[PDB]
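The primary structure of each chain is shown beneath.
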Amino acid sequence: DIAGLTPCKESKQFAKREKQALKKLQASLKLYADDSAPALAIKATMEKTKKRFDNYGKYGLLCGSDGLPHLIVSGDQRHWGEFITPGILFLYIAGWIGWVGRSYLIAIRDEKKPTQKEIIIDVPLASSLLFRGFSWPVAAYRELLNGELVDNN
Amino acid sequence: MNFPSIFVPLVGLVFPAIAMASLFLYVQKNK
Amino acid sequence: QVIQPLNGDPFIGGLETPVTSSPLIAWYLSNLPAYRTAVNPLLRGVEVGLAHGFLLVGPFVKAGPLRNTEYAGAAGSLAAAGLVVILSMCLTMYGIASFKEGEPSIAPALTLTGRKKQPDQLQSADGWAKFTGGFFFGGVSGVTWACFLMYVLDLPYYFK
Amino acid sequence: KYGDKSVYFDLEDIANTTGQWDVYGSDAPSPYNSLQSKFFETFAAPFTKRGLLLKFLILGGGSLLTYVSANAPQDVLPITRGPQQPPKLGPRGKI
Amino acid sequence: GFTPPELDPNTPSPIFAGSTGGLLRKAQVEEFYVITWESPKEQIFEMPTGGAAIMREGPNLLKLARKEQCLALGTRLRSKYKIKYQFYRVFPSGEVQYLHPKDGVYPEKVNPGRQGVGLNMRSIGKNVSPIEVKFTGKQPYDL
Amino acid sequence: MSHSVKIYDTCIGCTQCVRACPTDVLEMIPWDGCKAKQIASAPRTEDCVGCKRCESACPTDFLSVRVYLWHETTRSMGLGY
Amino acid sequence: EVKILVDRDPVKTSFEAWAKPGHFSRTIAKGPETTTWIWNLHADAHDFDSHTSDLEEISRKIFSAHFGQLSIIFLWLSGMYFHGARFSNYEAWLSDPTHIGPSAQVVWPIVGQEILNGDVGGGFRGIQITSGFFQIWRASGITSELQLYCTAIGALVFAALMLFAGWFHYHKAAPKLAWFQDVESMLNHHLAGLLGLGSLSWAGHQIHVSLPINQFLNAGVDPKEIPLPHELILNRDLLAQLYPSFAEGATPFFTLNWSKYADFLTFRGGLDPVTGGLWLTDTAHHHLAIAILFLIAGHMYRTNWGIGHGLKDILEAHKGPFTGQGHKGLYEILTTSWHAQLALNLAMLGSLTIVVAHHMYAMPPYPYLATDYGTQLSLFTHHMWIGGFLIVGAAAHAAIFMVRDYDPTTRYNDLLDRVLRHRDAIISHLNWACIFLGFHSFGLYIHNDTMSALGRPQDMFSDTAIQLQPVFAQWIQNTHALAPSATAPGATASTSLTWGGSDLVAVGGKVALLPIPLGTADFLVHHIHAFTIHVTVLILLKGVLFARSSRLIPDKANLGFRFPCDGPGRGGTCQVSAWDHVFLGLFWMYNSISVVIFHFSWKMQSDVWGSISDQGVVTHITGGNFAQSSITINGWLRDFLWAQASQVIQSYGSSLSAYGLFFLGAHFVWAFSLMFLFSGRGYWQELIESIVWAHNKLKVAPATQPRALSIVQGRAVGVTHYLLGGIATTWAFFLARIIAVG
Ligand code: CLA
Ligand code: CLA
Ligand code: CLA
Ligand code: CLA
Ligand code: CLA
Ligand code: CLA
Ligand code: SF4
Ligand code: SF4
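Looking at the entry header, you'll see cryo-EM listed as the method and 3.19 Å as the resolution.

Following this line, the structure appears as structure tokens:
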């Protein structure tokens, strides 16, 4: 109960929102015969909604007074999977992309016409450097330690 | 005495006429 | 060849057209008071003011805020007179802005044929001042005449 | 000269070269009656002086506008007369 | 010692049918420019005031309202038809000022006898800061 | 009462500044500070409009010809009327 | 002399030019030095006049680009026919057109977007379409999805044929210059073989296929039990039961007894009460007469045989005292300049599209088209926008002709010279007309707003006030209402139901068309329309006339058609090019078309569209508030924008939520355009300098030096995003409002 928020699996308003969603979906479902393709699509949508609400309840999310889950980014260990773990994953992927791009730009820096390698990407070198960003934190840390990350102009 | 009926035409009509007349005469001067 | 150069001159910013240099159009423009150079500017101003003040009464009376009341004849006409009081005032400011006391007339001294012509006294301080005074007198006279015709003498009219 | 064929520039004649012409000005004499001209000359003489006319126009216009606005009948302008109706309440009770 | 050629008022004008882009009141109260050239063949050119004119063989004189119009027409004549051109400035008082070739030689090519005006013997980045020219009429670039 | 056109000593000697002038402000004068033995000059800045075509063709690192906009006349405002 | 002049194998088919970007010109093929090059590569891609100075290669590239465009159009048509065959409810819509919404697109069940599959009816869930393809297919006699599949396959084959022809007529067998300059044979073939024969073939299809199938459909026969269209061709008696004149064959045609064909060729007019569209017999007779007129109008111009007309002689024969030499020299101008032809054809096609939109709204030619309010609104708005864009492009390319292809030394025209000589008079008179129209059209709205805000409703320009009645338009409506009485006795009913009378067509409880009243509000809106059109004309014509020279820049033609400025000189020479005149006129065309479509939407929602009760009364969508509310800007803001935007702001959670998202996104893009429109390049370049330093600090700066967008490109991006946002806003608002309530 952080910041006066009830858990989503013990929230009456969360179940109420699920009830409204299922009622609207059933009202849409009543227009078609049960063996038809639109009826099957609506039933699949209802099952997806039920699974979504059950997963949101079981994930440990804290639901506000309006029945919607509220993310906590203060760093609480109960809610590290809302911001901190996806944030670390995003930082890893973004560092991968940035390191691969920087390595490609460094590799084609000392050429006769480097710009020709930017409008037309040299695919073998790019594919060689693609997996170099898997170990981007180690390479970046060592390059910073050896003073190769920055340029003193 | 109704003072708005005297000052509102004075400030909205007569004073602007005097002001833009004087400023037009002063701007177009060749000293 | 109907469209000619301006007085045979192709390097002047204008053209000679039947709307510009027709004999009837030239006659009509020359007989207007503004283009009567040999006449006193007081008389031309009187005529211009009479015409303009006479034509100004109609819109103010017929389209004024009190056009549907008993005061349609007077107040709107008064507004027309007020506009004349504005308009002559503007003219007066023009007469102070453009022309000086010590300078002569700046009107052209030639004609289309190139002969020497006495310049128009209108483009001068005294001439424009007389023109403006005549315009004011003619404007108030025309407004009074329009009011007298429509509402004092009660002449029959369609009133738009 | 300026009037010869295919030539339009004269050094001694600038007004024709630069098109300084009276396009519609006519040197015809006065068409108005002499008595009419005399009456309009003596009856519009005080308005000749332009500075005096400007001052007179400003003072007369201001005085007439103030006199008309202050002494207008109450039934002419709706603003001169009051509401002549009971005032209505606000949507929270006059607050 | 190059002497400026005198203006010939009796110079015939190109055959033009009239345009609204010609002279205005500025030609009367202020100056107006006059370009003279020598066409070796009766041909047709494009006026800078809109439209097309037909220049006549021999000397040709054209009056325009701006110096830029005169220079544009002269550049067109030199590049397309290869005609020598000179234009003057005429005042309402009748004064004529011989403008374009100030020494008879075109300004693009070097000619001895020209004096330097607006010449600064420093790089552009060595200009004095405005704080050092404050409360004085002198500008940093004028020093 | 004219735009201020200034020539600096970094001028190579290319006449493009003079050829790009639509009002005949600049000209080429003899000099000795470059290979071309010539430098630009602005004796007729009274006819300068301020179009800055001259400094749009200067090939130096920064402009050897500089047009500073200043007090404007009828021929500096490009008025044909 | 008019032969097939074709050179064999002029261009080698290879991928070498694919590997090199910007091969077409020289300054660009050198390689990128800055980022601006990339933008330039997408700016001069289709400017064939700048790539080469030879007219033959330019014409061949134009011909093959036209072939590629035709291939793309055929591909798009195949896609529409396929998405009408599969993923559509056309067969369901055929049975109940008055209660089932047309739909031809279904979304996949991903990320919750399946909410866009709305209950359109007929046992189908999908996106409701407003293109009116269902009405076309019903008017064509299509009653099965197999026919749509066959049409899609045929259009795919035709797209492949167009692509092959485009490759063939440039890389293998390219026409010569004299082949393209044979304008007389081209006009003859395009008037007799393209329009005339096409109209004749479509009339044959309507007579032999559309008429019996639509008669069976309107007779209540079930679509699957209707005989196939080929069965009515092999069996003449099957067609003769519906139309007995078919028992006589073509002998009444060959004996000039055409009055015997008065059962399927009728001049009836009006609308079909069963379907709410034009009579298909009327369309058949119309297309037949149009085919005859075009076929006898296509044998006019001269060719290899001495009979015919010469365009050059016809043009040279028309010259008056005012115009001097007249139209002499225009043939050489039009036969040697593609930009002049593009200007003329763009203007004519835009005006044609505008008149098409007006005549489709006024006369619905397809069954169940008028009662489909969404289709009518979408078609009118779309073709209005297309016409406005083409009209703007007309002046855009006329300016290119004036800058590039115009010269009086050779190909001199007297009319163009006399136009250019008095251009100041034209521009000043049009300026005065624009000011006068703006005052006496919009100051009336301001006056009405002030009188209503001051509590003086008797002083406004209303119907219950000072009246500005369109007496001329009302007289025209009255004249066209009584046209069957005296002026057109052969017509049973009037040409439309929008003039007058007691006529009223209602299908399925919805009003199709009504006699449209004209009052003071229509007067004010039409004069607003005239003012906006005149201002757009002023901007575009000023750009065209001053594209070469003016009193400010006498050598503007040397600067080019598309240049930013001439520096801060002469007080400032910003946006002096004709391209900037087009860029400014784009906004005014947008404004004019927006006002036009707002007028159309509100007027048809208040005075035409609605519902018919069983007793006989008619209740409109907005209750006829156009007469009293549209005379004030506050009325447009409240009763039109605020009132009808409730159907697009409340669409969240339903099948119309995509329209709300597009509403918000279009507002966002329109706001985003103001950044490019209001700013300048120097600030962005100076900021890019600091960003470049930040990248250079970490050895990650690119070799292609980043540069801010150019001045012209900044204006182009601003106007493009502005038009996109301001048009998509109206698109989403119109679609959501007219689908939710109509
Ligand atoms: C732009 C057009 C426009 C027009 C046509 C009108 C029209 C009208 N208004 Mg509105 N109004 C407007 C905009 C406009 N308004 C705007 C922008 C505002 C500001 C919010 C107002 C606010 C307003 C107020 C506050 C009032 C009006 C009122 C009136 C009346 C004018 C009364 C008067 O004193 O003037 C008449 C003036 C004239 C001198 C007319 C001159 C026109 C002449 C005749 C031209 C004819 C041209 C000629 C043929 C050209 C060729 C000549 C030939 C020899 C060659 C009239 C019904 C009054 C009212 O309530 O009555 C309904 C009033 O009290 N209006
Ligand atoms: C802020 C000051 C101001 C004032 C005091 C007024 C006053 C008035 N407005 Mg308004 N008006 C204003 C601003 C102002 N206006 C602005 C900014 C606009 C432009 C949007 C308008 C546009 C406008 C229109 C279009 C109309 C009015 C009219 C009216 C009149 C309302 C009804 C009535 O009295 O008719 C009775 C009217 C009269 C008896 C006129 C009396 C004027 C006297 C007798 C004239 C002599 C002096 C005169 C004021 C000029 C000289 C003074 C100075 C310039 C030297 C009244 C005179 C109406 C009008 O006056 O037409 C009849 C009208 O039609 N006004
Ligand atoms: C009577 C036969 C004829 C026909 C039908 C056409 C029709 C057409 N021409 Mg024209 N043309 C003709 C004779 C003909 N032309 C002649 C003799 C010349 C030389 C003087 C030209 C010169 C010409 C040029 C230079 C251009 C055209 C273009 C076009 C197209 C523009 C209209 C449009 O796309 O509507 C849509 C119309 C249809 C899709 C309806 C079906 C028409 C079929 C598909 C066309 C087959 C017609 C062809 C002439 C005959 C086949 C040749 C054979 C070897 C296979 C259109 C396909 C423009 C274009 O788009 O080119 C690609 C173009 O750039 N034409
Ligand atoms: C002011 C009067 C006038 C008007 C109103 C029009 C209006 C029209 N003309 Mg033009 N025309 C005129 C004068 C005029 N013309 C003159 C004097 C000539 C003789 C030089 C021509 C030559 C001409 C031709 C040869 C053709 C037109 C066509 C058309 C229509 C274009 C169809 C379109 O929008 O694309 C919609 C799609 C298409 C049908 C057109 C396809 C594209 C065409 C074939 C390309 C234009 C090429 C042209 C020959 C340029 C070659 C340059 C060469 C010298 C290198 C348009 C309505 C076309 C037409 O007849 O359409 C039925 C057409 O084929 N015009
Ligand atoms: C009918 C056919 C037509 C044709 C064949 C041409 C032909 C041409 N035009 Mg003209 N033009 C037309 C209509 C036409 N125009 C119309 C209707 C307009 C008014 C908008 C113009 C306005 C115009 C201008 C302003 C200019 C030309 C110029 C050109 C030339 C080069 C075009 C270019 O390189 O662009 C290549 C292609 C592009 C740059 C594509 C740009 C992307 C567009 C703007 C976006 C459309 C948005 C899209 C619907 C939204 C989807 C979202 C997105 C995520 C996909 C070429 C002669 C140019 C010229 O000649 O330069 C000297 C030029 O300056 N035209
Ligand atoms: C939304 C506001 C707006 C307004 C009011 C204007 C106004 C105008 N535009 Mg501009 N314009 C705008 C936005 C706007 N523009 C935008 C967004 C662009 C970018 C594309 C442009 C670009 C542009 C171009 C490219 C052109 C114009 C032109 C015009 C003028 C023609 C209309 C006319 O004169 O009628 C009369 C005036 C108006 C309708 C303005 C409102 C006046 C009301 C009716 C009366 C005000 C009452 C009265 C004056 C009392 C004053 C009170 C006193 C206290 C002072 C006019 C000055 C055209 C022009 O120059 O042609 C002459 C032109 O070519 N505009
Ligand atoms: S001023 Fe510019 S153009 Fe002239 S010489 Fe110097 S660098 Fe060359
Ligand atoms: S602000 Fe931009 S468009 Fe305007 S003059 Fe300067 S550079 Fe040219």
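From this point, the discussion proceeds with the structure in view.
A. Fine view of the interface of chain D and chain C. Counting residues at the interface gives 35 residues for chain D and 47 residues for chain C. In total, chain D and chain C occlude about 3,800 Å² of area from one another, counting both sides; carbon and sulfur atoms represent 68% of this. Of all residues in chain D, D:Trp21, D:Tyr24 and D:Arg50 give up the largest surface area on contact with chain C, accounting jointly for 23% of the area buried on that side. Taken together, chain D and chain C are joined by two salt bridges. At the junction of chain D with chain C, the criterion picks out 14 residue pairs in polar contact. Elements represented by at least two residues in the side of chain D that touches chain C include exactly α1 (14-17), α2 (34-43) and α3 (50-70) of chain D. Of the residues forming the side of chain D that touches chain C, the biggest block, seven residues, is contributed by α3(D).

B. Structural view of the coordination of the magnesium atom of ligand 1. Of all protein atoms, G:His447 (ND1) alone acts as a donor to the magnesium atom of ligand 1, lying 1.9 Å away. Considering the arrangement of structural elements, one finds G:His447 in helix α20 (residues 423-453).

C. Layout of the sheet that holds strand β7 (residues 119-120) of chain E. Spatially, β7(E)-β1(F)-β4(F) is the arrangement adopted by the three strands of the open sheet, whose pairing is mixed. Two strands lie at the open edges of the sheet, namely β7 of chain E together with β4 (65-68) of chain F, each paired on one side alone. Relative to β4(F), strand β1 (residues 4-8) of chain F runs antiparallel, the two being bridged by four bridges. The residue of β4(F) that forms the bridge with F:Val5 is F:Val67.

D. Focus on the UniProt feature "binding site: [4Fe-4S] cluster 2" in chain F. UniProt records the feature "binding site: [4Fe-4S] cluster 2" at F:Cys21, F:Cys48, F:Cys51 and F:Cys54, using the numbering of this structure. The annotated residues occupy 34 residues of the chain but converge on a single region, no pair of C-alpha atoms lying more than 10.7 Å apart. Here F:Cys21 is to be found in the loop between α1 (16-19) and β2 (27-30). What makes F:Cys21 buried here is its relative accessible area of 14%. In this structure F:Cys21 touches E:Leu71 and F:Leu26, once residues within four positions along its chain are discounted. Excluding residues that lie within four positions of it along the chain, F:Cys54 makes contacts with F:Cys17, F:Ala20, F:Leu26, F:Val65 and F:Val67.

E. Focus on the sheet that holds strand β2 (residues 103-105) of chain G. Residue and element names in this part refer to chain G. The strand order across the open sheet built from three strands is β2-β4-β3, with neighbouring strands paired in antiparallel fashion. Edge positions in the sheet fall to β2 and β3 (118-119), since each of these pairs with one other strand and no more. Direction of pairing for β2 relative to strand β4 (residues 125-128): antiparallel, over a ladder of two bridges. Considered in β4, the bridge of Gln105 is made with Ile127.

F. Here's a closer look at the packing of helix α3 (residues 84-107) of chain A against helix α5 (residues 123-130) of chain A. Residues and elements named next belong to chain A. One way to put it is that α3 packs onto α5 with a least axis distance of 9 Å and a crossing angle of 140°. Looking at the two axes, α3 sits oblique to α5. Pair α3 / α5 crosses with right-handed handedness. Only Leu125, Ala126, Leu129 and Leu130 of α5 make contact with α3, whose side of the interface consists of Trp96, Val100, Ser103, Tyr104 and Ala107. Residues that form the contact of α3 with α5 fall into these classes: eight nonpolar, one polar and no charged.

Conventions used here
Residues numbered from 1 in each chain as written, not as in the entry; some residues may be left out. Chains lettered and ligands numbered in written order. Part of a larger assembly, values for the part shown. Heavy atoms only, no water. Contact = heavy atoms within 4.5 Å. Buried area = accessible area lost by both parts, 1.4 Å probe. Salt bridge = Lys/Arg side-chain N within 4 Å of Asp/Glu carboxyl O. Polar contact = N/O pair within 3.5 Å; in protein donor to acceptor, adjacent residues only side chain to side chain. Helix = DSSP H or I, 4+ residues; strand = E, 2+ residues; numbered from the N terminus. Donors = N, O, S within 2.8 Å, 3.2 Å for Na, K, Ca; no water. Pairing = 2+ DSSP bridges. UniProt positions renumbered as here; feature names shortened; annotations may be inferred. Buried < 20%, exposed > 50% of the residue type's maximum accessible area, 1.4 Å probe, protein only. Axes fitted to C-alpha atoms, helices over the stretch in contact; angles between N-to-C directions. Parallel < 35°, antiparallel > 145°, perpendicular 65-115°, else oblique. Left-handed = near helix turned anticlockwise from the far one by under 90°. Nonpolar A, V, L, I, M, F, W, Y, C, P; charged D, E, K, R; others polar.

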